[PDB]
$ cat protein_18.cif   # mmCIF, C-alpha atoms and all ligand atoms
data_coords
#
loop_
_atom_site.label_atom_id
_atom_site.label_comp_id
_atom_site.auth_asym_id
_atom_site.auth_seq_id
_atom_site.Cartn_x
_atom_site.Cartn_y
_atom_site.Cartn_z
CA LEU A 727 -70.87 39.24 122.62
CA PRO A 728 -68.36 37.96 125.20
CA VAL A 729 -66.42 40.67 127.00
CA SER A 730 -64.01 38.80 129.27
CA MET A 731 -62.80 35.38 130.37
CA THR A 732 -61.90 33.96 133.76
CA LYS A 733 -58.61 35.40 135.04
CA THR A 734 -55.93 32.83 135.89
CA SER A 735 -52.84 33.17 138.10
CA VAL A 736 -51.06 29.81 137.76
CA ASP A 737 -47.77 29.59 139.66
CA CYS A 738 -44.59 27.93 138.42
CA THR A 739 -43.19 26.24 141.51
CA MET A 740 -46.51 25.30 143.10
CA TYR A 741 -47.87 23.80 139.88
CA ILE A 742 -44.74 21.94 138.77
CA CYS A 743 -42.91 20.97 141.99
CA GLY A 744 -45.37 20.77 144.86
CA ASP A 745 -43.35 21.65 147.96
CA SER A 746 -40.21 19.80 146.79
CA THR A 747 -36.94 21.62 147.41
CA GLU A 748 -34.90 19.45 145.03
CA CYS A 749 -37.53 19.84 142.31
CA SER A 750 -37.56 23.62 142.75
CA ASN A 751 -33.75 23.69 142.63
CA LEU A 752 -33.70 21.75 139.37
CA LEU A 753 -36.38 24.10 138.04
CA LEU A 754 -34.06 27.03 138.80
CA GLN A 755 -31.59 25.47 136.35
CA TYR A 756 -34.14 26.21 133.59
CA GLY A 757 -33.55 29.95 133.85
CA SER A 758 -36.36 32.48 133.74
CA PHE A 759 -38.48 30.35 131.41
CA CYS A 760 -41.62 30.60 133.54
CA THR A 761 -41.40 34.21 134.74
CA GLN A 762 -42.53 34.84 131.17
CA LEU A 763 -45.62 32.72 131.87
CA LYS A 764 -46.39 34.60 135.08
CA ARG A 765 -46.01 37.95 133.31
CA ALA A 766 -48.21 36.78 130.42
CA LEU A 767 -50.94 35.63 132.79
CA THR A 768 -50.82 38.95 134.62
CA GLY A 769 -51.13 40.56 131.20
CA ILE A 770 -54.17 38.52 130.18
CA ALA A 771 -55.88 39.40 133.47
CA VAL A 772 -55.08 43.07 132.86
CA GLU A 773 -56.55 42.98 129.36
CA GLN A 774 -59.70 41.28 130.67
CA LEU B 582 -60.52 2.26 159.80
CA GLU B 583 -61.99 5.75 159.39
CA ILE B 584 -62.19 8.15 156.46
CA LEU B 585 -60.01 11.28 156.41
CA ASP B 586 -59.77 13.87 153.64
CA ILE B 587 -56.71 15.55 152.13
CA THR B 588 -56.69 19.29 151.31
CA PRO B 589 -54.23 22.01 150.08
CA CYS B 590 -52.02 23.22 152.99
CA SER B 591 -52.53 26.93 152.01
CA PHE B 592 -52.04 27.45 148.23
CA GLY B 593 -52.72 31.12 147.43
CA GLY B 594 -50.96 34.29 146.34
CA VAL B 595 -49.28 37.39 147.77
CA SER B 596 -49.81 40.80 146.18
CA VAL B 597 -48.20 43.91 147.68
CA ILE B 598 -49.90 47.31 147.53
CA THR B 599 -47.53 50.26 147.62
CA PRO B 600 -47.40 53.90 146.41
CA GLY B 601 -44.25 55.06 144.62
CA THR B 602 -41.21 54.72 146.88
CA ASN B 603 -40.44 58.30 145.82
CA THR B 604 -43.61 59.20 147.77
CA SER B 605 -43.53 56.97 150.87
CA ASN B 606 -42.39 53.64 152.28
CA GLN B 607 -45.54 52.17 153.85
CA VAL B 608 -46.88 48.91 152.35
CA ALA B 609 -50.19 46.98 152.64
CA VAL B 610 -50.31 43.31 151.67
CA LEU B 611 -52.92 41.08 150.03
CA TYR B 612 -53.48 37.34 150.51
CA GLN B 613 -55.15 36.00 147.38
CA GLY B 614 -58.27 33.89 147.83
CA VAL B 615 -57.74 32.79 151.44
CA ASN B 616 -59.81 33.56 154.51
CA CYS B 617 -57.25 35.39 156.57
CA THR B 618 -58.65 34.50 159.92
CA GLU B 619 -56.61 31.43 158.95
CA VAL B 620 -53.44 33.43 158.36
CA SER B 621 -54.02 35.46 161.54
CA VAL B 622 -53.74 32.25 163.54
CA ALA B 623 -50.96 31.19 161.12
CA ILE B 624 -48.73 34.24 161.90
CA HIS B 625 -49.33 33.37 165.60
CA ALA B 626 -47.97 29.87 164.81
CA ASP B 627 -45.34 31.53 162.53
CA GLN B 628 -46.02 28.77 159.92
CA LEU B 629 -46.14 31.36 157.08
CA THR B 630 -43.46 30.52 154.48
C1 LIG C 801 -64.62 32.53 155.08
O1 LIG C 801 -65.09 33.77 155.66
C2 LIG C 801 -65.26 33.85 157.09
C3 LIG C 801 -63.92 34.21 157.69
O2 LIG C 801 -63.08 33.08 157.86
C4 LIG C 801 -65.92 32.61 157.71
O3 LIG C 801 -67.33 32.73 157.59
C5 LIG C 801 -65.45 31.30 157.08
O4 LIG C 801 -64.14 30.99 157.51
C6 LIG C 801 -65.48 31.38 155.56
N1 LIG C 801 -66.85 31.51 155.08
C7 LIG C 801 -67.28 30.94 153.95
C8 LIG C 801 -68.72 31.18 153.60
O5 LIG C 801 -66.54 30.27 153.24
#
$ encode --input "protein_18.cif" --output "structure tokens"
Amino acid sequence: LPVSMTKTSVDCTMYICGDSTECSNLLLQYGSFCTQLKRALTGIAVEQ
Amino acid sequence: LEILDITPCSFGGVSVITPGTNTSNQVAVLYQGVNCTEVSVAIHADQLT
């Protein structure tokens, strides 16, 4: 019986816009879309 | 005409440890998945974002 999976901590800016200030700025125009993803990944780690 | 690699500059994560601010104000920091002999020289170079 499996008990847990590998815990992941993907990051919005580093994954999408690697060290690009303009790209990060245009990501900020998307609102808090990805803070949800960070919170959900923290959650999945916590449940593991 | 030689071969050079390319690696991540320092992609990791920062987690802050802290009791309730109603209790104290001291804070201890984490640096996720990075040998921090590398950040110890990094703070010396002040290259830490
Ligand atoms: C990470 O740990 C120490 C401290 O830096 C050193 O042996 C070396 O940098 C790394 N060791 C391994 C086994 O990756």
$ closest_atom_pairs --input "protein_18.cif" --of "chain B" --to "ligand LIG 801 (chain C)" --cutoff "8 Å" --atoms "only C-alpha atoms and all ligand atoms" --output "CSV"
residue,atom,partner,partner_atom,distance
B:615,CA,C:LIG801,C1,7.8
B:616,CA,C:LIG801,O2,4.7
B:617,CA,C:LIG801,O2,6.4
B:618,CA,C:LIG801,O2,5.1
B:619,CA,C:LIG801,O2,6.8
$ interface_residues --input "protein_18.cif" --of "chain B" --to "chain A" --cutoff "12 Å" --atoms "only C-alpha atoms" --output "list in words"
residues 589, 590, 591, 592, 593, 594, 595, 596, 613, 614 and 630 of chain B
$ atom_distance --input "protein_18.cif" --atom1 "atom CA of residue 756 of chain A" --atom2 "atom CA of residue 611 of chain B"
29.1 Å
$ closest_residue --input "protein_18.cif" --among "A:738, A:749, A:727, A:733" --to "residue 761 of chain A" --atoms "all atoms listed in the file"
A:738
$ atom_distance --input "protein_18.cif" --atom1 "atom CA of residue 731 of chain A" --atom2 "atom CA of residue 774 of chain A"
6.7 Å
$ atom_distance --input "protein_18.cif" --atom1 "atom CA of residue 760 of chain A" --atom2 "atom CA of residue 739 of chain A"
9.2 Å
$ build_atoms --input "protein_18.cif" --residues "segment 602-623 of chain B" --atoms "N, CA, C and O atoms" --output "PDB file, keeping the file's coordinate frame"
ATOM      1  N   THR B 602     -42.188  54.563 145.809  1.00  0.00           N
ATOM      2  CA  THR B 602     -41.210  54.720 146.880  1.00  0.00           C
ATOM      3  C   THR B 602     -40.667  56.146 146.928  1.00  0.00           C
ATOM      4  O   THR B 602     -40.171  56.587 147.970  1.00  0.00           O
ATOM      5  N   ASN B 603     -40.751  56.876 145.814  1.00  0.00           N
ATOM      6  CA  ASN B 603     -40.440  58.300 145.820  1.00  0.00           C
ATOM      7  C   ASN B 603     -41.451  59.114 146.615  1.00  0.00           C
ATOM      8  O   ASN B 603     -41.184  60.285 146.906  1.00  0.00           O
ATOM      9  N   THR B 604     -42.595  58.529 146.970  1.00  0.00           N
ATOM     10  CA  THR B 604     -43.610  59.200 147.770  1.00  0.00           C
ATOM     11  C   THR B 604     -43.571  58.769 149.236  1.00  0.00           C
ATOM     12  O   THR B 604     -43.561  59.619 150.129  1.00  0.00           O
ATOM     13  N   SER B 605     -43.538  57.465 149.500  1.00  0.00           N
ATOM     14  CA  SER B 605     -43.530  56.970 150.870  1.00  0.00           C
ATOM     15  C   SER B 605     -42.906  55.586 150.901  1.00  0.00           C
ATOM     16  O   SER B 605     -42.390  55.094 149.898  1.00  0.00           O
ATOM     17  N   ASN B 606     -42.967  54.963 152.079  1.00  0.00           N
ATOM     18  CA  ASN B 606     -42.390  53.640 152.280  1.00  0.00           C
ATOM     19  C   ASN B 606     -43.356  52.657 152.934  1.00  0.00           C
ATOM     20  O   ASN B 606     -42.985  51.496 153.135  1.00  0.00           O
ATOM     21  N   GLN B 607     -44.570  53.084 153.275  1.00  0.00           N
ATOM     22  CA  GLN B 607     -45.540  52.170 153.850  1.00  0.00           C
ATOM     23  C   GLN B 607     -46.051  51.190 152.802  1.00  0.00           C
ATOM     24  O   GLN B 607     -46.088  51.492 151.606  1.00  0.00           O
ATOM     25  N   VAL B 608     -46.420  49.990 153.276  1.00  0.00           N
ATOM     26  CA  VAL B 608     -46.880  48.910 152.350  1.00  0.00           C
ATOM     27  C   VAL B 608     -48.012  48.098 152.980  1.00  0.00           C
ATOM     28  O   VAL B 608     -47.894  47.757 154.174  1.00  0.00           O
ATOM     29  N   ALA B 609     -49.067  47.805 152.218  1.00  0.00           N
ATOM     30  CA  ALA B 609     -50.190  46.980 152.640  1.00  0.00           C
ATOM     31  C   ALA B 609     -50.227  45.751 151.753  1.00  0.00           C
ATOM     32  O   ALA B 609     -50.029  45.859 150.539  1.00  0.00           O
ATOM     33  N   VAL B 610     -50.478  44.591 152.348  1.00  0.00           N
ATOM     34  CA  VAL B 610     -50.310  43.310 151.670  1.00  0.00           C
ATOM     35  C   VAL B 610     -51.668  42.672 151.427  1.00  0.00           C
ATOM     36  O   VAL B 610     -52.619  42.891 152.187  1.00  0.00           O
ATOM     37  N   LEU B 611     -51.751  41.879 150.361  1.00  0.00           N
ATOM     38  CA  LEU B 611     -52.920  41.080 150.030  1.00  0.00           C
ATOM     39  C   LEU B 611     -52.582  39.609 150.258  1.00  0.00           C
ATOM     40  O   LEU B 611     -51.407  39.229 150.243  1.00  0.00           O
ATOM     41  N   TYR B 612     -53.608  38.796 150.475  1.00  0.00           N
ATOM     42  CA  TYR B 612     -53.480  37.340 150.510  1.00  0.00           C
ATOM     43  C   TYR B 612     -54.580  36.771 149.619  1.00  0.00           C
ATOM     44  O   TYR B 612     -55.754  36.754 150.006  1.00  0.00           O
ATOM     45  N   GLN B 613     -54.196  36.303 148.434  1.00  0.00           N
ATOM     46  CA  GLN B 613     -55.150  36.000 147.380  1.00  0.00           C
ATOM     47  C   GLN B 613     -56.006  34.787 147.729  1.00  0.00           C
ATOM     48  O   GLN B 613     -55.483  33.695 147.971  1.00  0.00           O
ATOM     49  N   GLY B 614     -57.320  34.990 147.751  1.00  0.00           N
ATOM     50  CA  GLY B 614     -58.270  33.890 147.830  1.00  0.00           C
ATOM     51  C   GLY B 614     -58.130  32.989 149.036  1.00  0.00           C
ATOM     52  O   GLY B 614     -58.289  31.769 148.913  1.00  0.00           O
ATOM     53  N   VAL B 615     -57.835  33.557 150.202  1.00  0.00           N
ATOM     54  CA  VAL B 615     -57.740  32.790 151.440  1.00  0.00           C
ATOM     55  C   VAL B 615     -58.381  33.586 152.557  1.00  0.00           C
ATOM     56  O   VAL B 615     -58.056  34.761 152.753  1.00  0.00           O
ATOM     57  N   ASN B 616     -59.304  32.955 153.283  1.00  0.00           N
ATOM     58  CA  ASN B 616     -59.810  33.560 154.510  1.00  0.00           C
ATOM     59  C   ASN B 616     -58.657  33.799 155.463  1.00  0.00           C
ATOM     60  O   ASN B 616     -57.962  32.868 155.875  1.00  0.00           O
ATOM     61  N   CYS B 617     -58.444  35.066 155.811  1.00  0.00           N
ATOM     62  CA  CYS B 617     -57.250  35.390 156.570  1.00  0.00           C
ATOM     63  C   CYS B 617     -57.517  35.529 158.062  1.00  0.00           C
ATOM     64  O   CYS B 617     -56.708  36.133 158.776  1.00  0.00           O
ATOM     65  N   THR B 618     -58.630  34.979 158.547  1.00  0.00           N
ATOM     66  CA  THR B 618     -58.650  34.500 159.920  1.00  0.00           C
ATOM     67  C   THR B 618     -57.739  33.286 160.057  1.00  0.00           C
ATOM     68  O   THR B 618     -57.240  32.985 161.148  1.00  0.00           O
ATOM     69  N   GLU B 619     -57.509  32.579 158.946  1.00  0.00           N
ATOM     70  CA  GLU B 619     -56.610  31.430 158.950  1.00  0.00           C
ATOM     71  C   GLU B 619     -55.151  31.854 158.943  1.00  0.00           C
ATOM     72  O   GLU B 619     -54.296  31.151 159.492  1.00  0.00           O
ATOM     73  N   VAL B 620     -54.830  32.983 158.308  1.00  0.00           N
ATOM     74  CA  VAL B 620     -53.440  33.430 158.360  1.00  0.00           C
ATOM     75  C   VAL B 620     -53.173  34.150 159.675  1.00  0.00           C
ATOM     76  O   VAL B 620     -52.040  34.138 160.169  1.00  0.00           O
ATOM     77  N   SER B 621     -54.198  34.772 160.266  1.00  0.00           N
ATOM     78  CA  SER B 621     -54.020  35.460 161.540  1.00  0.00           C
ATOM     79  C   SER B 621     -53.607  34.484 162.631  1.00  0.00           C
ATOM     80  O   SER B 621     -52.756  34.794 163.472  1.00  0.00           O
ATOM     81  N   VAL B 622     -54.216  33.298 162.645  1.00  0.00           N
ATOM     82  CA  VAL B 622     -53.740  32.250 163.540  1.00  0.00           C
ATOM     83  C   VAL B 622     -52.415  31.687 163.034  1.00  0.00           C
ATOM     84  O   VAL B 622     -51.589  31.210 163.820  1.00  0.00           O
ATOM     85  N   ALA B 623     -52.194  31.761 161.717  1.00  0.00           N
ATOM     86  CA  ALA B 623     -50.960  31.190 161.120  1.00  0.00           C
ATOM     87  C   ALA B 623     -49.741  32.027 161.529  1.00  0.00           C
ATOM     88  O   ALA B 623     -48.714  31.427 161.894  1.00  0.00           O
TER      89      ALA B 623
END
